[PDB]
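[1] Below you'll find the sequence and an experimental structure to go with it.
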Amino acid sequence: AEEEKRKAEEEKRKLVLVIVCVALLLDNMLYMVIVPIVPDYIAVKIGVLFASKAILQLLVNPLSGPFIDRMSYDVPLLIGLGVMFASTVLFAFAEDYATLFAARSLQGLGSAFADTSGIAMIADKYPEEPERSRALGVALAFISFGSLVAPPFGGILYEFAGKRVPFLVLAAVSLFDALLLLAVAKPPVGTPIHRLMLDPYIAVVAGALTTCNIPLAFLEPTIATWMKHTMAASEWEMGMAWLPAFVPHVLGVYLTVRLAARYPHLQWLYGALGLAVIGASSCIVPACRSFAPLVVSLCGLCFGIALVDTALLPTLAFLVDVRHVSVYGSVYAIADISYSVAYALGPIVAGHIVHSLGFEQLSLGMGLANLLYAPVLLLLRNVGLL
Ligand SMILES: CC(=O)OCC[N+](C)(C)C
């Protein structure tokens, strides 16, 4: 009678959860597999390429906020996966420099239309605290799986085949996922965004996401030359250095979901612990001389970003549910802005800072920026009262 429709609605919930998580996995695969291929095909500006992706993702998101607010979620998710498919097909036969440039900018456009609406859709069909925390935890777990084990197993199959075959196969996989979303999904006025910068705790979560995401923006185009300069830097362990930093991320997301379920007041405290672990994991970086201490420092850094993201995105959706209209367009767009600011300031400025100032000084300044934004989360003792 009723339980038939309830189990059908549970299937329709879990199915779009698995589909959007696989879409996010392929998205982060496509972000992290392209970066060792563009310097092979040359013939600062490479930083102009990557920061152009991030700056186009920055410029679309306030303009795109009302598009997810004023309309539904299935249409921008379909637009996002379609633009991402077109970008991957453009990367399949990207020959000149302008081809790579336009393809990377369209990948940023697909980011702005896909990732924000996907994290909104996962946080829309769970209007309750432990299930929303579990769903966002599994979403960030697949995002971390992509961004932290996909580039080695993409580069391995890049070595002995080329690039024309596997990018077309992976774009066909992404279009297969988009057609499955079309086959099963079957396709109020919200709160504006120009007031949300004057909304203070939204701004606190935005600054915390930016300071959380700043080490992976200022270390991924940076640590590679620091392998050759100081470290022994074997190729198996230079290419696969980010592979062991996956299991602490899943351990951190399980700890954060478990401490968010058993405790409704310890989101922000373990989030400040996450910022503290990010700051300490940035400060350890000069002291490492051999390989495995650097590995465990990167593992601590990914543990910290897992804690911070899983403790603050349900807090962000909770704050939208408390104070404003229950829509999820512009506020995860503020979250994506908080990603794009760090990933825009990263690749251009990091190499010039290291070549001018030094790498130990940059790492200490980054750790001090983390640990001095750590007393900004003192204010979040007044959220669970609401
Ligand atoms: C590459 C990217 O989209 O940044 C978010 C991934 N994360 C949460 C692991 C840093």
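    Looks like it arrived, so ask away. Numbering: from 1, shown residues only.
[2] need the helices for the stretch 251-386 of the chain, in chain order.
    267-284, 291-323, 330-356, 359-373 (DSSP state H, counting those that start in this stretch).
[3] Could you do the stretch 1-150 of the chain as well?
    In the stretch 1-150 of the chain, the helices defined using DSSP H, counting those that start in this stretch lie at 3-34, 45-70, 74-92, 97-122, 129-159.
[4] and among these, the most buried is which?
    When you average the neighbours per residue for each of those (mean count of other CB atoms under 10 Å), helix 97-122 leads with a mean of 23. Every residue, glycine included, has its C-beta placed from N, CA and C.
[5] Could you export the helices of the stretch 1-150 of the chain as CSV, including distance to residue 205?
    CSV is the format used below for the helices of the stretch 1-150 of the chain (distance: least, CB to CB, whole Å):
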stretch, distance to residue 205
helix 3-34, 20
helix 45-70, 15
helix 74-92, 22
helix 97-122, 14
helix 129-159, 13
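[6] For residue 381, which of the ones you listed is the nearest?
    Checking the helices of the stretch 1-150 of the chain against residue 381 by CB to CB gives helix 129-159 as the closest, at 18.0 Å.
[7] Could you point out the helix or strand that follows that closest one?
    Along the chain past helix 129-159, the next helix or strand (assigned with DSSP states H and E) turns out to be helix 164-185.
[8] elements contacting that next one?
    Identification of packing neighbours for helix 164-185 by 3 or more CB pairs under 8 Å, 6 or more residues apart in numbering; DSSP states H and E yields helix 3-34, helix 74-92, helix 129-159.
[9] any chance of these in CSV, plus distance to residue 338?
    Converted to CSV, these look like this (distance: least, CB to CB, whole Å):
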stretch, distance to residue 338
helix 3-34, 17
helix 74-92, 19
helix 129-159, 15
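[10] could these be laid out in CSV, adding distance to the ligand?
    Below are the helices and strands packed on helix 164-185 laid out as CSV (distance: least, CB to the nearest ligand atom, whole Å):
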stretch, distance to the ligand
helix 3-34, 5
helix 74-92, 13
helix 129-159, 5
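[11] quick one, which of those helices is nearest to residue 209?
    Distances from residue 209 to each of the helices and strands packed on helix 164-185 were compared using CB to CB; the minimum, 12.0 Å, belongs to helix 129-159.
[12] The closest one to helix 267-284, inter-axis angle?
    Our comparison of helix 129-159 with helix 267-284, counting by axes from the mean of the first three to the mean of the last three CA atoms, to 10 degrees, yields an angle of 30 degrees.
[13] can you give me how far helix 129-159 is from the chain middle?
    Averaging C-alpha coordinates over helix 129-159 and over its chain gives two centres that are 9 Å apart (CA atoms, centre = their mean, to the nearest Å).
[14] For it, enumerate the helices and strands it packs against.
    Counting contacts by 3+ CB pairs under 8 Å, 6+ apart, helix 129-159 is packed against helix 3-34, helix 97-122, helix 164-185, helix 247-261, helix 291-323.
[15] What residue in the stretch 151-300 of the chain comes nearest to the ligand?
    Taking CB to the nearest ligand atom, the ligand has its nearest neighbour within the stretch 151-300 of the chain at residue 216, 5.1 Å off.
[16] and the angle from the strand or helix carrying that residue to helix 330-356?
    In this structure, residue 216 sits in helix 200-217 according to DSSP H and E. Inter-element angle recorded for helix 200-217 and helix 330-356: 40 degrees (by the same axes, to 10 degrees).
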